Amino acid sequence: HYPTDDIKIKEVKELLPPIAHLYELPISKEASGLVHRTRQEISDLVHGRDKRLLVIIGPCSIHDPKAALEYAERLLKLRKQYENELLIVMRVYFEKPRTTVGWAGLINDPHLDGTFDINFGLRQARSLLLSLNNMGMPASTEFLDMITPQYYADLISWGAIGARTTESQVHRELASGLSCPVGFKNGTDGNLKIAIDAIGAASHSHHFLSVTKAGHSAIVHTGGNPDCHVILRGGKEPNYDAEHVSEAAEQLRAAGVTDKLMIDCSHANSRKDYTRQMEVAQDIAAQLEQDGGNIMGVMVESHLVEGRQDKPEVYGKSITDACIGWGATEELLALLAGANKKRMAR
Amino acid sequence: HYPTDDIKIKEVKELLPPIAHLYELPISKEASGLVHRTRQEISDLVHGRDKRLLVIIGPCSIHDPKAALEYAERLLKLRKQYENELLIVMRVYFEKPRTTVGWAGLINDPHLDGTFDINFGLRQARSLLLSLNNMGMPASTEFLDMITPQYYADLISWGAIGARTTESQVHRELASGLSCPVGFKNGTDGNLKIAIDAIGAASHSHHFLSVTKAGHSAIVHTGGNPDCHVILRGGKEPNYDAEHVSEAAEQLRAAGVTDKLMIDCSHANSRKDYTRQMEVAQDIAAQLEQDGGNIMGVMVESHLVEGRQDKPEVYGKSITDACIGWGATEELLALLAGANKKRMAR
Amino acid sequence: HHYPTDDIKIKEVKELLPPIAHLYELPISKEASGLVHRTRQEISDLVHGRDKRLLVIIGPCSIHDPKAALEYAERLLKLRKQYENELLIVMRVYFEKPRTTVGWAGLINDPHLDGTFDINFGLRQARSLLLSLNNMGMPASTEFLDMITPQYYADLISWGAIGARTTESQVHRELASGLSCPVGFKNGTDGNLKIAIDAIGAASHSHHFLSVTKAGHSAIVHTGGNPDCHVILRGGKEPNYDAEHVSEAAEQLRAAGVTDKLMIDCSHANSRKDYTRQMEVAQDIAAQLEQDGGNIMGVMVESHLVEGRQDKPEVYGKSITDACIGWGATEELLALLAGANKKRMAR
Amino acid sequence: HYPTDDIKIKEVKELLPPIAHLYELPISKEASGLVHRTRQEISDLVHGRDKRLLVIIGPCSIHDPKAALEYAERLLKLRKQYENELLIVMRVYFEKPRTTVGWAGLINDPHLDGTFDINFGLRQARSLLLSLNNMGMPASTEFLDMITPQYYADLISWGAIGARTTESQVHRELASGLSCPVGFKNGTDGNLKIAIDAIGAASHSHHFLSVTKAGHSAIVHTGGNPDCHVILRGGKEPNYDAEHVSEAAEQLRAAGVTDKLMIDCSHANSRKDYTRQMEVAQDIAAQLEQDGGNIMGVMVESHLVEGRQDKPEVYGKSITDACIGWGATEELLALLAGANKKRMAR
Ligand SMILES: N[C@@H](Cc1ccccc1)C(=O)O
Ligand SMILES: N[C@@H](Cc1ccccc1)C(=O)O
Ligand SMILES: N[C@@H](Cc1ccccc1)C(=O)O
Ligand SMILES: N[C@@H](Cc1ccccc1)C(=O)O
Ligand SMILES: [Cl-]
Ligand SMILES: [Cl-]
Ligand SMILES: [Cl-]
Ligand SMILES: [Mn+2]
Ligand SMILES: [Mn+2]
Ligand SMILES: [Mn+2]
Ligand SMILES: [Mn+2]
């Protein structure tokens, strides 16, 4: 009898089911209110019912809950100060996808040492998200697979599907059943069609495989997600300017989906240079002042301390993509608030 | 207390676990032998140790197990006839990914009527795959998600990751733990870099989330898959010709991965016209006759009857992509066997 | 230096297929469902004195061969019909007999009779037999020895037992309080009736106990109570089947405020462990029914195709646990009881 | 279709699996050492290698973890003081079995209000047991079913099977795979044969049904438990005296099993008068001074405050069987330590 099963598998270990984490860390009344309200506020921006600017802002990746919470406390002050112009939500992404081998993020490898203590990672991720919502700071994340959402999607006010997965049938099927609004990034080399197609597909009912809250293999039947939109993040060339926004809007209208979109100030739009995020933001600010009718949001990579480092040595500094520091964040947010204040006069 | 969980979910239904199907349909001694041997024979092609041509050939999708088994019976005679020149493996794909709403395939919706009887669909797919191996025909399939392989990957001799998922981090993590060799298709518009990158990534150990054979949420730690290769399937223009093969081989060598590749005669290489598959095969044959050192395999969409139909009215005729019929299949295989006989004799 | 403290004396823990895997392959039919539902109600009617037919739980000590069980049931079915106005005949379908010294663990635990313990196959085979019996028109009965097996096949059971060794057990009484079927509690090994009277009372109330869901996951079960429990007299140090003993049991049952209708086992300790004495017990019960017998609602008999017992399964239709009466004796015993109860019912 | 399934069931609710509790409350290195060594120490008493007296002492039932921990802190001082004569282990029983309807114990109904919050119950039981072991106090309990051991038996140094279940085949099968030594109580009316038979059965390998640590329906194959003994707890008349011990010992030797036994001072030996436990203990002390070679242990129902109460009003006072209070406990342990010192000196 020749072996055919699990030939290239080192180990398959049981995980605690979602319901174990939900039992220890139930969503509170106040967190559930914030999540509910923020999802609705964001849908209003997606569909042009309100003209505040969504701002998804925070670290490239979370590697230290302490720093994240300090960041959120500073950010909360500005979320409140600018609440008539901006809808500020913290970027709480646990991993950056990789081609070359490297750190698998705070959920998969919380101890930053290759031990892959995923039960601890998921618990810590849920704990941080609950703490954020409890302090008044809504959270956003990218969903990389079809199982992690069951552990903490209830605490997420906006979700992303990344460039590497926007075209994936199963990730679009996932998006169609996510409780939050969902942004789809354009493709790595700039392809907008995959994102426009994703919004259309995610609006419909689908089935996909995942687990129950009790941790058992399941088929999920979704209702469709009416609150999806594109995220422009460059690729071919940066696509943040008025010309590119106009062309994307045209193509969105041709497909019969929302022509309100988000612009990422970082990644391929900054050309991996954190010092250009302000320049992109300045360009968007000028669009918002002149007209900017198709913009509903921006994304910004921001941390306590600017730049990046290979090892987690400096407190509050990214170990993935380089981020603007806190002082520059204050400036960038003041810029956008002032420009959108003007746009809202119309 | 505001609701925040499963807001856009119609139903979450626990499935029978893999162990239930494996009890009803254990892999036989004969089927285990065939799978084990075929996986090794393919590894030998991927790594240039044998110069037979792998031929992945069969329906675009399986919608009728009766027709599939009939097809396999005919194909088996040619698998045997050409065993010194070609390694013939049946294409056994249960679904074609969609953008616009349509049939979800024989696993998800086996009754072709929107009932989504997935417990029946998984049973039936396993049964067909066991029957195929038991008759002496190895099987191949595309893995669209991270859970289905637990139900039947033990019966699969060669696996594919399609154009829409080659770039996906989690689908590369999956491939790194698949027991079979894996082909990665180039991107929808022709992007080969994603597939080259994929082979590299898939050769390493990774972690991803799935279920145990008992159906429980799990973390999977893989060993890496040394037997991955790219599949040329066209883009904006076809990419089957010697010039494209030569450049792909140089890029594969530049990345330090295998420079032996597979060419799809169908999909974008046929410009979506089943009558052009033979012309692609004729070009491949000329390449093999002249040199063709970088070719290890071909893919062909073939069925009992040529063409396609919207409803399953005609027996043995595709309801997804149009396929060549049985007579043409005999001719195309004869063509490839003859050309490769000459390549092998050098 | 973590010292080991978990599973120190465990050779292996293996996953079982969940109940729902067996239910998927072998769903209860519409016919079987009807028979189970009506037979349970018919038995309730006997327990509560609303009908004077005699329940007869009859068949092998233990099932070790499905073929012989189905042949047995075909023969018995003819008599179930013939005597339907006097007797309510249900086949005894017990897969195991409990042991103190090591021996065969029964057809569910060790279906292949060779210590391989292929329990997935054993449970499937048990469910298949029970479904086949109900489909042919023969209702089935069984003894429940643990709190998990009922999820696999209790839906096919018309009458359940809790044995002498478990009647006093808190958890087995909790189980009984949630079983869909009527339940008989055997008196204790040495004759103790009090534990069975107490069990009927306890089992009538709502309880909670641990088990598994149909999907096979650890679970707490909250029951509604079982109003259809009764005692089973099966002897002790002395047999307890005679009129004096039945009259005493009924006084104690009424004193406790629970049903004073009971079942009498013709086998085991009432037969003094001798299969050739079952008829004597049945003849004493016949005489009670003719004279009065108002407190008897049923009897239990160990019966097979072929009389006696054997130490290896060589003779087709012959017990490998307790010796049983053969088929010809089974015809005689049932004829005897039907005649006697016809007279009781006419009064 | 007539209904036949779960006719008389109000609800079936899935529990958190053992792995969830094990994650929150892993056994510590120190606790694992205490458990491991205490089990071996008790095995030594069972097999007559050591002549210390095992003392299983504590509340009839635990209804308040705070009182239990306070009790343990006081008892630990005496465990240490008398460690050369007595092996003191705390009685940590969560439930007393009932015939008439009443409180189902701290695991099944921790809130003492009929809410049956068993997930909270199991967590709290495990938490108390871990705390006890961590402070240096080993714990003992009675196992009433075949599932609860999966949640906390790793923390138990000695286990009991009670009078109502000693004869049960499945409870004997359970005992045959318990990691701790096990005492079997004589039957309600005094029957010793069921406990002698239980020791023999439990020494052998058995199979029984339960759940895996992940909570899945399982078959358990045991190795046999060589460390079982009887517990004399009275019958129609008490059975603690020299004459009864002598007779039980003769029957044990006749059966070929250990003739070292435990005597319960409470229950049907005190005839449910807590003030008689000291009288039983005095008789046992006299046996130990004179010969007492078959006695390996005693059991005593003891709490902070003597007596019992129907509602949990007074702190540290039983709501199940009446117990001796702390002062009487000090006296009883001093008495037994002195008497066994003389026994061991022979
Ligand atoms: N629980 C997710 C939806 C989901 C269900 C099941 C699997 C995966 C995702 C949400 O509320 O957004
Ligand atoms: N069982 C798969 C590998 C796998 C394990 C677990 C989850 C998914 C896939 C194979 O043998 O190829
Ligand atoms: N399913 C059983 C009741 C039961 C439920 C859960 C566990 C055990 C028993 C019946 O119908 O009789
Ligand atoms: N885990 C138990 C043994 C056991 C295993 C499985 C089920 C029940 C009990 C122990 O270590 O004592
Ligand atoms: Cl669920
Ligand atoms: Cl009880
Ligand atoms: Cl259930
Ligand atoms: Mn980034
Ligand atoms: Mn196709
Ligand atoms: Mn018997
Ligand atoms: Mn007590």
# chains A, B, ... in the order shown; residues from 1 in each chain; ligands from 1
$ interface_residues --of "chain C" --to "chain B" --cutoff "8 Å" --atoms "only C-alpha atoms" --output "number ranges by chain"
C: 15, 17, 20-21
$ write_last_selection --atoms "N, CA and C atoms" --output "mmCIF file, in the first residue's frame"
data_model
loop_
_atom_site.group_PDB
_atom_site.id
_atom_site.type_symbol
_atom_site.label_atom_id
_atom_site.label_comp_id
_atom_site.auth_asym_id
_atom_site.auth_seq_id
_atom_site.Cartn_x
_atom_site.Cartn_y
_atom_site.Cartn_z
ATOM 1 N N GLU C 15 -10.557 8.906 16.517
ATOM 2 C CA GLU C 15 -11.812 9.513 16.118
ATOM 3 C C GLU C 15 -12.802 8.497 15.589
ATOM 4 N N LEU C 17 -16.439 8.147 13.329
ATOM 5 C CA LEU C 17 -17.325 8.853 12.474
ATOM 6 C C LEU C 17 -18.458 9.366 13.344
ATOM 7 N N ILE C 20 -23.956 11.641 12.388
ATOM 8 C CA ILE C 20 -24.557 12.152 11.167
ATOM 9 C C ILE C 20 -24.005 11.482 9.910
ATOM 10 N N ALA C 21 -22.790 10.932 9.963
ATOM 11 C CA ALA C 21 -22.261 10.163 8.822
ATOM 12 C C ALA C 21 -23.089 8.888 8.604
#
$ interface_residues --of "chain A" --to "chain B" --cutoff "7 Å" --atoms "only C-alpha atoms" --output "PyMOL selection string"
chain A and resi 1-15+17+29+32-33+35-36+97+99-100+145+147+154+164-165+167-170+177-179+197+201+209+211-212+215-225
$ residues_near_ligand --ligand "ligand 9" --cutoff "12 Å" --atoms "only C-alpha atoms and all ligand atoms" --output "PDB file with N, CA and C atoms, in the first residue's frame"
ATOM      1  N   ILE B  57      -5.223  15.970 -20.382  1.00  0.00           N
ATOM      2  CA  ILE B  57      -6.189  16.009 -21.481  1.00  0.00           C
ATOM      3  C   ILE B  57      -7.549  15.496 -21.024  1.00  0.00           C
ATOM      4  N   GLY B  58      -8.582  16.244 -21.339  1.00  0.00           N
ATOM      5  CA  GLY B  58      -9.923  15.833 -20.997  1.00  0.00           C
ATOM      6  C   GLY B  58     -10.858  17.016 -20.995  1.00  0.00           C
ATOM      7  N   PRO B  59     -12.051  16.821 -20.424  1.00  0.00           N
ATOM      8  CA  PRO B  59     -13.059  17.864 -20.469  1.00  0.00           C
ATOM      9  C   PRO B  59     -12.633  19.157 -19.815  1.00  0.00           C
ATOM     10  N   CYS B  60     -13.202  20.262 -20.300  1.00  0.00           N
ATOM     11  CA  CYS B  60     -13.018  21.524 -19.623  1.00  0.00           C
ATOM     12  C   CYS B  60     -13.494  21.371 -18.173  1.00  0.00           C
ATOM     13  N   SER B  61     -14.724  20.862 -18.013  1.00  0.00           N
ATOM     14  CA  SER B  61     -15.270  20.518 -16.707  1.00  0.00           C
ATOM     15  C   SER B  61     -16.044  19.201 -16.786  1.00  0.00           C
ATOM     16  N   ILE B  62     -16.110  18.506 -15.647  1.00  0.00           N
ATOM     17  CA  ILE B  62     -16.881  17.282 -15.485  1.00  0.00           C
ATOM     18  C   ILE B  62     -18.261  17.678 -15.008  1.00  0.00           C
ATOM     19  N   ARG B  91      -7.666  15.042 -17.496  1.00  0.00           N
ATOM     20  CA  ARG B  91      -8.139  16.303 -16.896  1.00  0.00           C
ATOM     21  C   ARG B  91      -9.502  16.083 -16.221  1.00  0.00           C
ATOM     22  N   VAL B  92      -9.531  16.208 -14.903  1.00  0.00           N
ATOM     23  CA  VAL B  92     -10.739  15.966 -14.116  1.00  0.00           C
ATOM     24  C   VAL B  92     -11.037  17.202 -13.238  1.00  0.00           C
ATOM     25  N   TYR B  93     -11.484  18.278 -13.880  1.00  0.00           N
ATOM     26  CA  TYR B  93     -11.775  19.541 -13.208  1.00  0.00           C
ATOM     27  C   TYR B  93     -13.283  19.608 -12.997  1.00  0.00           C
ATOM     28  N   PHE B  94     -13.705  19.891 -11.761  1.00  0.00           N
ATOM     29  CA  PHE B  94     -15.116  19.901 -11.419  1.00  0.00           C
ATOM     30  C   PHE B  94     -15.814  21.255 -11.603  1.00  0.00           C
ATOM     31  N   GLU B  95     -15.051  22.305 -11.853  1.00  0.00           N
ATOM     32  CA  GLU B  95     -15.597  23.649 -11.902  1.00  0.00           C
ATOM     33  C   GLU B  95     -14.759  24.508 -12.850  1.00  0.00           C
ATOM     34  N   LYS B  96     -15.386  25.486 -13.491  1.00  0.00           N
ATOM     35  CA  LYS B  96     -14.662  26.565 -14.141  1.00  0.00           C
ATOM     36  C   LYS B  96     -14.977  27.859 -13.384  1.00  0.00           C
ATOM     37  N   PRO B  97     -13.945  28.587 -12.937  1.00  0.00           N
ATOM     38  CA  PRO B  97     -14.159  29.878 -12.248  1.00  0.00           C
ATOM     39  C   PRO B  97     -14.868  30.860 -13.161  1.00  0.00           C
ATOM     40  N   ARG B  98     -15.677  31.726 -12.556  1.00  0.00           N
ATOM     41  CA  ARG B  98     -16.591  32.604 -13.251  1.00  0.00           C
ATOM     42  C   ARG B  98     -16.447  34.019 -12.727  1.00  0.00           C
ATOM     43  N   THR B 141      -6.402  17.663 -11.357  1.00  0.00           N
ATOM     44  CA  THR B 141      -7.450  18.645 -11.070  1.00  0.00           C
ATOM     45  C   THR B 141      -6.844  19.997 -10.678  1.00  0.00           C
ATOM     46  N   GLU B 142      -7.678  21.024 -10.684  1.00  0.00           N
ATOM     47  CA  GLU B 142      -7.289  22.334 -10.177  1.00  0.00           C
ATOM     48  C   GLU B 142      -7.862  22.502  -8.798  1.00  0.00           C
ATOM     49  N   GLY B 162      -4.727  27.899 -11.105  1.00  0.00           N
ATOM     50  CA  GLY B 162      -5.091  28.633 -12.305  1.00  0.00           C
ATOM     51  C   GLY B 162      -4.611  30.092 -12.314  1.00  0.00           C
ATOM     52  N   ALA B 163      -4.799  30.726 -13.460  1.00  0.00           N
ATOM     53  CA  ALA B 163      -4.352  32.092 -13.738  1.00  0.00           C
ATOM     54  C   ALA B 163      -4.826  33.083 -12.708  1.00  0.00           C
ATOM     55  N   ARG B 233      -0.469  29.578 -21.079  1.00  0.00           N
ATOM     56  CA  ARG B 233      -1.871  29.481 -21.510  1.00  0.00           C
ATOM     57  C   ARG B 233      -2.339  30.693 -22.264  1.00  0.00           C
ATOM     58  N   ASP B 264      -0.415  24.940 -22.650  1.00  0.00           N
ATOM     59  CA  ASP B 264      -1.848  24.739 -22.887  1.00  0.00           C
ATOM     60  C   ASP B 264      -2.217  25.071 -24.344  1.00  0.00           C
ATOM     61  N   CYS B 265      -2.845  24.117 -25.042  1.00  0.00           N
ATOM     62  CA  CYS B 265      -3.299  24.319 -26.428  1.00  0.00           C
ATOM     63  C   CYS B 265      -4.622  25.076 -26.488  1.00  0.00           C
ATOM     64  N   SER B 266      -5.301  25.155 -25.343  1.00  0.00           N
ATOM     65  CA  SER B 266      -6.629  25.721 -25.251  1.00  0.00           C
ATOM     66  C   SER B 266      -6.639  27.110 -24.629  1.00  0.00           C
ATOM     67  N   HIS B 267      -7.815  27.531 -24.158  1.00  0.00           N
ATOM     68  CA  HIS B 267      -7.984  28.838 -23.496  1.00  0.00           C
ATOM     69  C   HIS B 267      -7.395  29.960 -24.366  1.00  0.00           C
ATOM     70  N   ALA B 268      -6.579  30.848 -23.794  1.00  0.00           N
ATOM     71  CA  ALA B 268      -6.128  32.007 -24.526  1.00  0.00           C
ATOM     72  C   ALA B 268      -5.124  31.638 -25.620  1.00  0.00           C
ATOM     73  N   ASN B 269      -4.494  30.469 -25.545  1.00  0.00           N
ATOM     74  CA  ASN B 269      -3.607  30.067 -26.633  1.00  0.00           C
ATOM     75  C   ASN B 269      -4.356  29.666 -27.907  1.00  0.00           C
ATOM     76  N   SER B 270      -5.587  29.206 -27.753  1.00  0.00           N
ATOM     77  CA  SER B 270      -6.459  28.873 -28.888  1.00  0.00           C
ATOM     78  C   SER B 270      -7.344  30.066 -29.251  1.00  0.00           C
ATOM     79  N   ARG B 271      -7.132  31.194 -28.571  1.00  0.00           N
ATOM     80  CA  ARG B 271      -8.019  32.373 -28.679  1.00  0.00           C
ATOM     81  C   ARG B 271      -9.483  31.959 -28.466  1.00  0.00           C
ATOM     82  N   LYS B 272      -9.697  31.047 -27.520  1.00  0.00           N
ATOM     83  CA  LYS B 272     -11.036  30.595 -27.138  1.00  0.00           C
ATOM     84  C   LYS B 272     -11.783  29.867 -28.270  1.00  0.00           C
ATOM     85  N   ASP B 273     -11.062  29.219 -29.165  1.00  0.00           N
ATOM     86  CA  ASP B 273     -11.651  28.581 -30.341  1.00  0.00           C
ATOM     87  C   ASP B 273     -11.119  27.155 -30.364  1.00  0.00           C
ATOM     88  N   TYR B 274     -11.992  26.199 -30.058  1.00  0.00           N
ATOM     89  CA  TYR B 274     -11.563  24.825 -29.904  1.00  0.00           C
ATOM     90  C   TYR B 274     -10.939  24.245 -31.174  1.00  0.00           C
ATOM     91  N   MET B 299      -1.364  20.681 -22.418  1.00  0.00           N
ATOM     92  CA  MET B 299      -2.735  20.552 -21.916  1.00  0.00           C
ATOM     93  C   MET B 299      -3.695  20.710 -23.110  1.00  0.00           C
ATOM     94  N   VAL B 300      -4.757  19.908 -23.115  1.00  0.00           N
ATOM     95  CA  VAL B 300      -5.741  19.862 -24.214  1.00  0.00           C
ATOM     96  C   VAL B 300      -7.157  19.698 -23.627  1.00  0.00           C
ATOM     97  N   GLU B 301      -8.109  20.485 -24.145  1.00  0.00           N
ATOM     98  CA  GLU B 301      -9.511  20.355 -23.778  1.00  0.00           C
ATOM     99  C   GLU B 301     -10.246  19.536 -24.822  1.00  0.00           C
ATOM    100  N   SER B 302     -10.657  18.364 -24.363  1.00  0.00           N
ATOM    101  CA  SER B 302     -11.136  17.265 -25.185  1.00  0.00           C
ATOM    102  C   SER B 302     -12.323  16.563 -24.506  1.00  0.00           C
ATOM    103  N   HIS B 303     -13.285  16.078 -25.302  1.00  0.00           N
ATOM    104  CA  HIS B 303     -14.461  15.393 -24.785  1.00  0.00           C
ATOM    105  C   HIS B 303     -14.898  14.370 -25.826  1.00  0.00           C
ATOM    106  N   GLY B 307     -17.294  20.729 -29.347  1.00  0.00           N
ATOM    107  CA  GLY B 307     -18.089  21.945 -29.181  1.00  0.00           C
ATOM    108  C   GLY B 307     -18.506  22.214 -27.750  1.00  0.00           C
ATOM    109  N   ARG B 308     -19.588  22.972 -27.584  1.00  0.00           N
ATOM    110  CA  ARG B 308     -20.187  23.163 -26.280  1.00  0.00           C
ATOM    111  C   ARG B 308     -21.668  23.420 -26.409  1.00  0.00           C
ATOM    112  N   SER B 318     -19.372  19.303 -23.685  1.00  0.00           N
ATOM    113  CA  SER B 318     -19.064  20.291 -22.641  1.00  0.00           C
ATOM    114  C   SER B 318     -20.172  21.317 -22.443  1.00  0.00           C
ATOM    115  N   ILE B 319     -20.428  21.690 -21.183  1.00  0.00           N
ATOM    116  CA  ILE B 319     -21.277  22.844 -20.893  1.00  0.00           C
ATOM    117  C   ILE B 319     -20.471  24.087 -20.481  1.00  0.00           C
ATOM    118  N   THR B 320     -19.148  23.971 -20.424  1.00  0.00           N
ATOM    119  CA  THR B 320     -18.273  25.117 -20.144  1.00  0.00           C
ATOM    120  C   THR B 320     -17.499  25.424 -21.444  1.00  0.00           C
ATOM    121  N   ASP B 321     -16.164  25.453 -21.438  1.00  0.00           N
ATOM    122  CA  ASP B 321     -15.439  25.752 -22.668  1.00  0.00           C
ATOM    123  C   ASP B 321     -15.628  24.650 -23.714  1.00  0.00           C
ATOM    124  N   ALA B 322     -15.649  25.050 -24.980  1.00  0.00           N
ATOM    125  CA  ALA B 322     -15.767  24.101 -26.083  1.00  0.00           C
ATOM    126  C   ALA B 322     -14.520  23.246 -26.147  1.00  0.00           C
ATOM    127  N   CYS B 323     -14.692  21.971 -26.465  1.00  0.00           N
ATOM    128  CA  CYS B 323     -13.597  21.029 -26.536  1.00  0.00           C
ATOM    129  C   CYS B 323     -13.527  20.393 -27.917  1.00  0.00           C
ATOM    130  N   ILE B 324     -12.353  19.853 -28.268  1.00  0.00           N
ATOM    131  CA  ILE B 324     -12.290  18.980 -29.438  1.00  0.00           C
ATOM    132  C   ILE B 324     -12.998  17.670 -29.101  1.00  0.00           C
TER     133      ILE B 324
END
$ residues_around --residues "residue 184 (chain D)" --least-positions-apart "2" --cutoff "6 Å" --atoms "only C-alpha atoms" --output "VMD selection string"
chain D and resid 160 to 161 166 195 230 to 231
$ write_last_selection --atoms "N, CA and C atoms" --output "compact mmCIF listing (two decimals), in the first residue's frame"
# COMPACT_ATOMS: atom_id res chain seq x y z
N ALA D 160 -12.07 8.66 42.31
CA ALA D 160 -13.05 7.74 42.90
C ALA D 160 -14.14 7.38 41.90
N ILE D 161 -14.62 6.16 42.02
CA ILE D 161 -15.87 5.75 41.43
C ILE D 161 -16.82 5.45 42.58
N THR D 166 -19.93 1.79 40.82
CA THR D 166 -18.86 0.79 40.93
C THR D 166 -19.12 -0.47 40.09
N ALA D 195 -16.99 -3.93 44.26
CA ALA D 195 -15.75 -3.17 44.27
C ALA D 195 -14.52 -4.08 44.05
N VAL D 230 -10.29 -0.75 47.10
CA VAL D 230 -11.65 -0.53 47.56
C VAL D 230 -11.71 0.59 48.61
N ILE D 231 -12.89 1.18 48.74
CA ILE D 231 -13.21 2.15 49.78
C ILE D 231 -14.42 1.64 50.55
$ residues_near_ligand --ligand "ligand 6" --cutoff "9 Å" --atoms "only C-alpha atoms and all ligand atoms" --output "JSON, numbers by chain"
{"C": [167, 168, 169, 170, 171, 172, 173, 174, 195, 198, 199, 202], "D": [97, 98, 99, 164, 165]}
$ closest_atom_pairs --of "chain C" --to "ligand 7" --cutoff "9 Å" --atoms "only C-alpha atoms and all ligand atoms" --output "tab-separated table"
residue	atom	partner	partner_atom_place_in_ligand_line	distance
C:20	CA	ligand 7	1 (Cl)	8.9
C:151	CA	ligand 7	1 (Cl)	8.6
C:212	CA	ligand 7	1 (Cl)	7.4
C:213	CA	ligand 7	1 (Cl)	3.8
C:214	CA	ligand 7	1 (Cl)	4.2
C:215	CA	ligand 7	1 (Cl)	6.4
C:216	CA	ligand 7	1 (Cl)	8.1
C:217	CA	ligand 7	1 (Cl)	8.6
C:219	CA	ligand 7	1 (Cl)	8.3
$ select_by_dssp --residues "region 92-216 of chain D" --states "alpha helix (DSSP H)" --output "ChimeraX atom specification"
/D:105-108,118-135,149-152,169-175,193-202
$ residues_around --residues "residue 47 (chain D)" --least-positions-apart "2" --cutoff "12 Å" --atoms "only C-alpha atoms" --output "list in words"
residues 40, 41, 42, 43, 44, 45, 49, 50, 51, 52, 181, 226, 227, 228, 229, 257, 258, 259, 260, 261, 293, 294, 295 and 296 of chain D
$ select_by_dssp --residues "region 81-323 of chain D" --states "strand (DSSP E or B)" --output "MDAnalysis selection string"
chainID D and resid 86:91 139:142 158:161 182:185 207:211 216:222 228:232 261:264 295:302 307:308 318 323
$ atom_distance --atom1 "CA of residue 184 (chain C)" --atom2 "CA of residue 162 (chain C)"
6.3 Å
$ residues_around --residues "residue 343 (chain A)" --least-positions-apart "3" --cutoff "7 Å" --atoms "only C-alpha atoms" --output "PyMOL selection string"
chain A and resi 288-289+291+339-340+346
$ write_last_selection --atoms "C-alpha atoms" --output "mmCIF file, in the first residue's frame"
data_model
loop_
_atom_site.group_PDB
_atom_site.id
_atom_site.type_symbol
_atom_site.label_atom_id
_atom_site.label_comp_id
_atom_site.auth_asym_id
_atom_site.auth_seq_id
_atom_site.Cartn_x
_atom_site.Cartn_y
_atom_site.Cartn_z
ATOM 1 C CA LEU A 288 -10.788 67.668 -3.393
ATOM 2 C CA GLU A 289 -10.555 71.475 -3.510
ATOM 3 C CA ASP A 291 -13.832 68.997 -7.622
ATOM 4 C CA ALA A 339 -9.371 70.315 1.624
ATOM 5 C CA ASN A 340 -12.405 68.125 2.177
ATOM 6 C CA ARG A 346 -20.759 72.066 -2.591
#
$ residues_near_ligand --ligand "ligand 3" --cutoff "6 Å" --atoms "only C-alpha atoms and all ligand atoms" --output "NGL selection string"
(:C and (147-148 or 150-151 or 154-155 or 178-180 or 211 or 221)) or (:D and (5-7))
$ residues_around --residues "region 339-341 of chain C" --least-positions-apart "4" --cutoff "12 Å" --atoms "only C-alpha atoms" --output "JSON, numbers by chain"
{"C": [51, 52, 53, 54, 55, 56, 82, 83, 84, 85, 86, 87, 88, 282, 283, 284, 285, 286, 287, 288, 289, 290, 291, 292, 293, 294, 296, 297, 298, 299, 332, 333, 334, 335, 345, 346, 347]}
$ residues_near_ligand --ligand "ligand 10" --cutoff "7 Å" --atoms "only C-alpha atoms and all ligand atoms" --output "list in words"
residues 61, 62, 97, 268, 302, 321 and 322 of chain C
$ residues_around --residues "residue 34 (chain C)" --least-positions-apart "3" --cutoff "12 Å" --atoms "only C-alpha atoms" --output "ChimeraX atom specification"
/C:28-31,37-41,134-135,137-139,155-158 /D:1-4
$ atom_distance --atom1 "atom 8 (C, counted along the ligand's line) of ligand 4" --atom2 "CA of residue 6 (chain C)"
10.0 Å
